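Notes follow once the structure below has been shown.
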């Protein structure tokens with residue numbers, strides 16, 4: 001005839017267990033610069 005018991009939460013029906021806390025993995029792309037050459041096409045003949 002009064003307030004009900006509060007231990008019902010101990011019953012599995014009331015449990016809310018779930019996974020969480022995702023994390024990412026690391027993978028960084030590479031950076032590249034070409035092996036450029038231009039002396040092949042011309043070479044100065046003057047003297048400085």
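Nothing in this text is a laboratory measurement; each read-out follows from the coordinates by a stated rule.
Side notes on the structure shown:
- Cα convex hull of the chain, projected area averaged across orientations, nm²: 10.3
- Applying 0.36 nm per residue to the separation of residue 14 and residue 46 and subtracting their alpha-carbon distance, the gain on full extension is 2.5 nm.
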